[PDB]
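K.L.:
If you scroll down you'll find the structure; I have some questions about it.
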Amino acid sequence: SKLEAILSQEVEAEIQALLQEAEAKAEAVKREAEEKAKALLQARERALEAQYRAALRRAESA
Amino acid sequence: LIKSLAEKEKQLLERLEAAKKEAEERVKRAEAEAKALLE
Amino acid sequence: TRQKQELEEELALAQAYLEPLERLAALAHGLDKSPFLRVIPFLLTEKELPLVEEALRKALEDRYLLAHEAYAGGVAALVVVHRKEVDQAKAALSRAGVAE
(Lines give C-alpha, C1' and ligand atoms only; values in the text may rest on other atoms or scores of the structure.)
Protein backbone atom coordinates (compact mmCIF):
# COMPACT_ATOMS: atom_id res chain seq x y z
CA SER A 1 0.00 0.00 0.00
CA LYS A 2 1.77 3.05 -1.42
CA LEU A 3 0.83 6.25 0.37
CA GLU A 4 0.27 4.87 3.84
CA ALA A 5 3.45 2.84 3.35
CA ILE A 6 5.04 6.27 2.87
CA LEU A 7 3.20 7.38 6.03
CA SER A 8 4.64 4.35 7.84
CA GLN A 9 8.08 5.24 6.46
CA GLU A 10 7.55 8.70 7.97
CA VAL A 11 6.81 6.68 11.11
CA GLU A 12 10.17 4.93 10.70
CA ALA A 13 11.68 8.40 10.27
CA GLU A 14 10.09 9.25 13.62
CA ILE A 15 11.80 6.13 15.01
CA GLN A 16 15.00 7.51 13.44
CA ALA A 17 14.50 10.93 15.05
CA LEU A 18 13.74 9.27 18.39
CA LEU A 19 16.93 7.18 18.31
CA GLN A 20 18.83 10.33 17.30
CA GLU A 21 17.40 12.03 20.39
CA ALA A 22 18.18 8.89 22.43
CA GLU A 23 21.88 8.83 21.49
CA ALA A 24 22.00 12.63 21.82
CA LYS A 25 20.51 12.48 25.32
CA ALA A 26 22.91 9.73 26.42
CA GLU A 27 25.92 11.67 25.15
CA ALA A 28 24.65 14.98 26.59
CA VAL A 29 24.07 13.53 30.07
CA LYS A 30 27.39 11.65 29.98
CA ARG A 31 29.28 14.79 28.91
CA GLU A 32 27.73 17.12 31.51
CA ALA A 33 28.13 14.58 34.29
CA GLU A 34 31.73 13.93 33.17
CA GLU A 35 32.38 17.66 33.50
CA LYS A 36 30.83 17.50 36.97
CA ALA A 37 32.82 14.38 37.89
CA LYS A 38 36.13 16.07 37.06
CA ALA A 39 35.02 19.36 38.65
CA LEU A 40 33.92 17.72 41.92
CA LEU A 41 37.12 15.62 41.90
CA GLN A 42 39.27 18.76 41.72
CA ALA A 43 36.97 20.67 44.10
CA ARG A 44 37.13 18.25 47.04
CA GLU A 45 40.82 17.51 46.34
CA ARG A 46 41.93 21.15 46.37
CA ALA A 47 39.66 22.02 49.32
CA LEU A 48 40.94 19.29 51.63
CA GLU A 49 44.46 19.87 50.28
CA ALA A 50 44.25 23.55 51.23
CA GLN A 51 42.94 22.62 54.68
CA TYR A 52 45.80 20.11 55.08
CA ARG A 53 48.31 22.74 53.92
CA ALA A 54 47.03 25.47 56.26
CA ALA A 55 47.05 22.98 59.15
CA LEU A 56 50.70 22.19 58.39
CA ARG A 57 51.57 25.92 58.23
CA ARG A 58 49.88 26.78 61.52
CA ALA A 59 51.23 23.62 63.19
CA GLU A 60 54.86 24.40 62.36
CA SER A 61 54.29 28.06 63.23
CA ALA A 62 52.86 27.18 66.65
CA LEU B 1 -6.67 -2.35 -0.10
CA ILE B 2 -8.68 -1.24 2.88
CA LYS B 3 -7.29 -4.16 4.86
CA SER B 4 -3.81 -3.02 3.75
CA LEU B 5 -4.34 0.33 5.49
CA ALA B 6 -5.84 -1.55 8.46
CA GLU B 7 -2.93 -3.94 8.93
CA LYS B 8 -0.26 -1.31 8.32
CA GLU B 9 -1.96 1.02 10.79
CA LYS B 10 -1.60 -1.91 13.19
CA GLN B 11 2.08 -2.37 12.35
CA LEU B 12 2.42 1.44 12.39
CA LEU B 13 1.40 1.22 16.05
CA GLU B 14 3.98 -1.58 16.31
CA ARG B 15 6.70 0.69 14.88
CA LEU B 16 5.75 3.37 17.42
CA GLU B 17 6.12 0.74 20.15
CA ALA B 18 9.56 -0.19 18.77
CA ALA B 19 10.62 3.45 19.14
CA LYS B 20 9.05 3.46 22.63
CA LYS B 21 11.17 0.44 23.66
CA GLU B 22 14.28 2.19 22.32
CA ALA B 23 13.36 5.30 24.37
CA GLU B 24 12.82 3.56 27.71
CA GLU B 25 15.99 1.46 27.29
CA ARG B 26 17.95 4.68 26.68
CA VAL B 27 16.46 6.35 29.77
CA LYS B 28 17.31 3.52 32.16
CA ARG B 29 20.74 3.23 30.51
CA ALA B 30 21.49 6.88 31.30
CA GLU B 31 20.15 6.33 34.83
CA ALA B 32 22.57 3.44 35.45
CA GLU B 33 25.39 5.58 34.00
CA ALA B 34 24.57 8.41 36.44
CA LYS B 35 24.48 5.80 39.21
CA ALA B 36 28.04 4.72 38.37
CA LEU B 37 29.01 8.41 38.28
CA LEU B 38 27.60 9.02 41.78
CA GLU B 39 29.32 5.89 43.09
CA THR C 1 -44.19 15.38 21.70
CA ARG C 2 -40.58 16.58 21.58
CA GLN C 3 -39.36 13.08 22.44
CA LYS C 4 -41.61 11.52 19.79
CA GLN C 5 -40.46 14.01 17.14
CA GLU C 6 -36.82 13.36 18.06
CA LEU C 7 -37.35 9.58 17.95
CA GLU C 8 -39.10 9.85 14.57
CA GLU C 9 -36.26 12.00 13.21
CA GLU C 10 -33.72 9.50 14.56
CA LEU C 11 -35.59 6.60 12.93
CA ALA C 12 -35.83 8.49 9.63
CA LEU C 13 -32.10 9.28 9.75
CA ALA C 14 -31.24 5.68 10.67
CA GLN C 15 -33.41 4.20 7.90
CA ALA C 16 -30.97 5.45 5.22
CA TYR C 17 -27.40 4.99 6.51
CA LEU C 18 -27.78 1.81 8.59
CA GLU C 19 -26.52 -0.68 5.99
CA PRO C 20 -24.06 1.73 4.35
CA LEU C 21 -22.21 2.76 7.53
CA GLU C 22 -22.16 -0.87 8.68
CA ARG C 23 -20.75 -1.98 5.31
CA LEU C 24 -18.11 0.77 5.38
CA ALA C 25 -17.15 -0.19 8.94
CA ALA C 26 -17.05 -3.87 7.93
CA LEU C 27 -14.67 -3.18 5.05
CA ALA C 28 -12.78 -0.75 7.33
CA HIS C 29 -12.75 -3.13 10.34
CA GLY C 30 -9.19 -2.15 11.30
CA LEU C 31 -8.81 1.22 9.54
CA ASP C 32 -11.16 3.62 11.33
CA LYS C 33 -9.32 6.05 13.62
CA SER C 34 -5.68 5.00 13.80
CA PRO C 35 -3.57 8.12 13.09
CA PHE C 36 -2.23 7.26 9.65
CA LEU C 37 -4.87 7.87 6.99
CA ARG C 38 -8.44 9.06 6.70
CA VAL C 39 -11.01 7.02 4.76
CA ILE C 40 -13.53 9.33 3.10
CA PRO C 41 -16.62 7.27 2.23
CA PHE C 42 -18.76 9.08 -0.33
CA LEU C 43 -22.30 7.82 -0.91
CA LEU C 44 -22.26 8.17 -4.69
CA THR C 45 -24.24 6.83 -7.66
CA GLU C 46 -23.84 3.62 -9.69
CA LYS C 47 -20.70 2.35 -11.42
CA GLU C 48 -19.08 5.57 -12.62
CA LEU C 49 -16.32 4.71 -10.12
CA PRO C 50 -13.59 5.51 -12.67
CA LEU C 51 -14.88 9.10 -12.95
CA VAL C 52 -14.19 9.48 -9.23
CA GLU C 53 -11.06 7.29 -9.43
CA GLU C 54 -9.43 9.66 -11.94
CA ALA C 55 -8.36 11.77 -8.95
CA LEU C 56 -7.20 8.61 -7.15
CA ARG C 57 -5.09 7.72 -10.20
CA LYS C 58 -3.79 11.28 -9.97
CA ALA C 59 -2.91 10.28 -6.39
CA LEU C 60 -0.61 7.46 -5.25
CA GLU C 61 -0.26 4.21 -7.17
CA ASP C 62 -0.62 1.26 -4.75
CA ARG C 63 -2.92 3.33 -2.53
CA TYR C 64 -5.65 5.99 -2.77
CA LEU C 65 -8.07 3.08 -2.72
CA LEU C 66 -11.28 4.69 -4.00
CA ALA C 67 -13.83 1.94 -4.54
CA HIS C 68 -17.22 0.61 -3.43
CA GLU C 69 -17.15 -2.93 -2.04
CA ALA C 70 -20.83 -3.11 -1.07
CA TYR C 71 -24.04 -1.03 -0.74
CA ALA C 72 -25.09 -1.48 -4.36
CA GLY C 73 -27.96 1.01 -4.04
CA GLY C 74 -25.91 3.97 -2.86
CA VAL C 75 -22.30 3.10 -3.60
CA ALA C 76 -20.20 3.89 -0.52
CA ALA C 77 -17.07 4.82 -2.45
CA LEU C 78 -14.43 4.74 0.26
CA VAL C 79 -11.29 6.67 -0.71
CA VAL C 80 -8.27 6.03 1.52
CA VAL C 81 -4.92 7.63 0.67
CA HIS C 82 -3.51 9.63 3.60
CA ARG C 83 -4.71 12.35 5.95
CA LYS C 84 -3.54 15.56 4.24
CA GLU C 85 -2.96 14.06 0.79
CA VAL C 86 -6.37 12.40 1.02
CA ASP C 87 -7.85 15.75 2.08
CA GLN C 88 -6.39 17.24 -1.11
CA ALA C 89 -7.70 14.21 -3.02
CA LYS C 90 -11.13 14.75 -1.46
CA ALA C 91 -10.96 18.33 -2.72
CA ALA C 92 -10.03 16.90 -6.14
CA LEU C 93 -12.94 14.45 -5.99
CA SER C 94 -15.29 17.29 -5.05
CA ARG C 95 -13.89 19.11 -8.08
CA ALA C 96 -14.88 15.95 -9.97
CA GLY C 97 -18.10 15.99 -7.92
CA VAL C 98 -18.28 14.10 -4.63
CA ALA C 99 -19.67 14.36 -1.10
CA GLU C 100 -18.52 12.37 1.92
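FYI, nothing fancy with the C-alpha coordinates labels: chains A, B, ... in order, residues from 1 per chain, ligands from 1 as they appear.
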Contacts between chain A and chain C, please, where a residue of chain C counts if it comes within 6 Å (with only C-alpha atoms); show its shortest atom pair and distance in Å to one decimal, rows by chain and ascending number, as CSV.

P.N.:
residue,atom,partner,partner_atom,distance
C:60,CA,A:3,CA,5.9
C:62,CA,A:2,CA,4.5
C:63,CA,A:2,CA,4.8
C:81,CA,A:3,CA,5.9

K.L.:
Residues of chain A were defined as contacting chain B if any atom lay at most 10 Å from it, counting only C-alpha atoms; please report them as a PyMOL selection string.

P.N.:
chain A and resi 1-5+7-12+14-19+21-23+25-30+33-34+36-37

K.L.:
From a backbone DSSP assignment, name each residue in stretch 20-92 of chain C labelled helix (DSSP H, G or I), as a list in words.

P.N.:
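Of stretch 20-92 of chain C, only residues 20, 21, 22, 23, 24, 25, 26, 27, 49, 50, 51, 52, 53, 54, 55, 56, 57, 58, 84, 85, 86, 87, 88, 89, 90, 91 and 92 of chain C fall in helix (DSSP H, G or I).
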
K.L.:
Since we have the selection now, will you write its residues out, keeping N, CA and C atoms, as a CSV table (one decimal), in the first residue's frame?

P.N.:
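selection_30.csv was written with the following content:
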chain,number,residue,atom,x,y,z
C,20,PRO,N,-25.3,1.2,5.0
C,20,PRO,CA,-24.1,1.7,4.4
C,20,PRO,C,-22.9,2.0,5.3
C,21,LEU,N,-23.2,2.5,6.5
C,21,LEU,CA,-22.2,2.8,7.5
C,21,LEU,C,-21.7,1.4,8.1
C,22,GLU,N,-22.6,0.4,8.2
C,22,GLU,CA,-22.2,-0.9,8.7
C,22,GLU,C,-21.3,-1.6,7.6
C,23,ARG,N,-21.6,-1.4,6.4
C,23,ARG,CA,-20.8,-2.0,5.3
C,23,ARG,C,-19.4,-1.3,5.2
C,24,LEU,N,-19.4,0.0,5.4
C,24,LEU,CA,-18.1,0.8,5.4
C,24,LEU,C,-17.3,0.4,6.6
C,25,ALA,N,-17.9,0.2,7.8
C,25,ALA,CA,-17.1,-0.2,8.9
C,25,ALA,C,-16.7,-1.6,8.8
C,26,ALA,N,-17.5,-2.5,8.1
C,26,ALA,CA,-17.1,-3.9,7.9
C,26,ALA,C,-15.9,-4.0,7.0
C,27,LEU,N,-15.8,-3.2,5.9
C,27,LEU,CA,-14.7,-3.2,5.1
C,27,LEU,C,-13.5,-2.5,5.8
C,49,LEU,N,-17.4,4.7,-11.1
C,49,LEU,CA,-16.3,4.7,-10.1
C,49,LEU,C,-15.0,5.1,-10.7
C,50,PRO,N,-14.8,5.0,-12.0
C,50,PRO,CA,-13.6,5.5,-12.7
C,50,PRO,C,-13.6,7.0,-12.8
C,51,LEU,N,-14.8,7.6,-12.9
C,51,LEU,CA,-14.9,9.1,-13.0
C,51,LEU,C,-14.5,9.7,-11.6
C,52,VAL,N,-14.7,9.0,-10.5
C,52,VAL,CA,-14.2,9.5,-9.2
C,52,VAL,C,-12.7,9.0,-9.0
C,53,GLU,N,-12.4,7.9,-9.6
C,53,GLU,CA,-11.1,7.3,-9.4
C,53,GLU,C,-10.0,7.9,-10.3
C,54,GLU,N,-10.4,8.9,-11.2
C,54,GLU,CA,-9.4,9.7,-11.9
C,54,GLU,C,-8.6,10.5,-11.0
C,55,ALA,N,-9.1,11.1,-9.9
C,55,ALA,CA,-8.4,11.8,-8.9
C,55,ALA,C,-7.5,10.8,-8.1
C,56,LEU,N,-8.0,9.6,-7.9
C,56,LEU,CA,-7.2,8.6,-7.2
C,56,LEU,C,-6.0,8.1,-8.0
C,57,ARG,N,-6.2,8.0,-9.3
C,57,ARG,CA,-5.1,7.7,-10.2
C,57,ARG,C,-4.1,8.9,-10.3
C,58,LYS,N,-4.7,10.1,-10.1
C,58,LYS,CA,-3.8,11.3,-10.0
C,58,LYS,C,-3.0,11.2,-8.6
C,84,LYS,N,-3.6,14.3,5.0
C,84,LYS,CA,-3.5,15.6,4.2
C,84,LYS,C,-3.6,15.4,2.7
C,85,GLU,N,-2.9,14.4,2.2
C,85,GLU,CA,-3.0,14.1,0.8
C,85,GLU,C,-4.3,13.5,0.4
C,86,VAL,N,-5.0,12.8,1.3
C,86,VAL,CA,-6.4,12.4,1.0
C,86,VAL,C,-7.4,13.5,1.2
C,87,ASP,N,-7.0,14.6,2.0
C,87,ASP,CA,-7.8,15.8,2.1
C,87,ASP,C,-7.8,16.5,0.8
C,88,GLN,N,-6.6,16.6,0.2
C,88,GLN,CA,-6.4,17.2,-1.1
C,88,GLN,C,-7.1,16.4,-2.2
C,89,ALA,N,-7.0,15.1,-2.1
C,89,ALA,CA,-7.7,14.2,-3.0
C,89,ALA,C,-9.2,14.3,-2.9
C,90,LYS,N,-9.7,14.5,-1.7
C,90,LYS,CA,-11.1,14.8,-1.5
C,90,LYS,C,-11.6,16.1,-2.1
C,91,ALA,N,-10.7,17.1,-2.0
C,91,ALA,CA,-11.0,18.3,-2.7
C,91,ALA,C,-11.0,18.1,-4.2
C,92,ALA,N,-10.1,17.2,-4.7
C,92,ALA,CA,-10.0,16.9,-6.1
C,92,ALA,C,-11.3,16.1,-6.6

K.L.:
Could you work out how far atom CA of residue C:77 lies from atom CA of residue C:35, giving the answer in Å with one decimal?

P.N.:
20.8 Å

K.L.:
Which of these, C:47, C:29, C:4, C:68, has the shortest distance to chain B once you count only C-alpha atoms?

P.N.:
C:29

K.L.:
Restrict the calculation to only C-alpha atoms, then for each residue of chain C with any atom at most 7 Å from an atom of chain B give the closest atom pair and their distance in Å to one decimal, rows by chain and rising residue number, as CSV.

P.N.:
residue,atom,partner,partner_atom,distance
C:27,CA,B:2,CA,6.7
C:28,CA,B:2,CA,6.1
C:30,CA,B:6,CA,4.4
C:31,CA,B:6,CA,4.2
C:34,CA,B:9,CA,6.2
C:36,CA,B:9,CA,6.3
C:65,CA,B:1,CA,6.2

K.L.:
Could you please take those selected residues and save N, CA and C atoms as an mmCIF file, in the first residue's frame?

P.N.:
data_model
loop_
_atom_site.group_PDB
_atom_site.id
_atom_site.type_symbol
_atom_site.label_atom_id
_atom_site.label_comp_id
_atom_site.auth_asym_id
_atom_site.auth_seq_id
_atom_site.Cartn_x
_atom_site.Cartn_y
_atom_site.Cartn_z
ATOM 1 N N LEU C 27 -15.848 -3.214 5.914
ATOM 2 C CA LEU C 27 -14.670 -3.176 5.051
ATOM 3 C C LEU C 27 -13.493 -2.521 5.763
ATOM 4 N N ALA C 28 -13.775 -1.520 6.593
ATOM 5 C CA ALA C 28 -12.781 -0.750 7.334
ATOM 6 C C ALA C 28 -12.663 -1.217 8.777
ATOM 7 N N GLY C 30 -10.385 -2.466 10.547
ATOM 8 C CA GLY C 30 -9.191 -2.149 11.300
ATOM 9 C C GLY C 30 -8.667 -0.763 10.993
ATOM 10 N N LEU C 31 -9.228 -0.123 9.963
ATOM 11 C CA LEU C 31 -8.812 1.216 9.544
ATOM 12 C C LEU C 31 -9.988 2.162 9.763
ATOM 13 N N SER C 34 -7.104 5.024 13.496
ATOM 14 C CA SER C 34 -5.678 5.004 13.798
ATOM 15 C C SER C 34 -4.992 6.132 13.036
ATOM 16 N N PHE C 36 -2.985 7.284 10.888
ATOM 17 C CA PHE C 36 -2.226 7.258 9.647
ATOM 18 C C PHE C 36 -2.978 7.924 8.504
ATOM 19 N N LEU C 65 -7.041 4.068 -2.448
ATOM 20 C CA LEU C 65 -8.069 3.075 -2.725
ATOM 21 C C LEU C 65 -9.418 3.770 -2.677
#

K.L.:
I'd like to know which residues of chain C are strand (DSSP E or B) (by DSSP, run on the backbone); could you write them as a VMD selection string?

P.N.:
chain C and resid 39 to 44 65 to 67 75 to 80
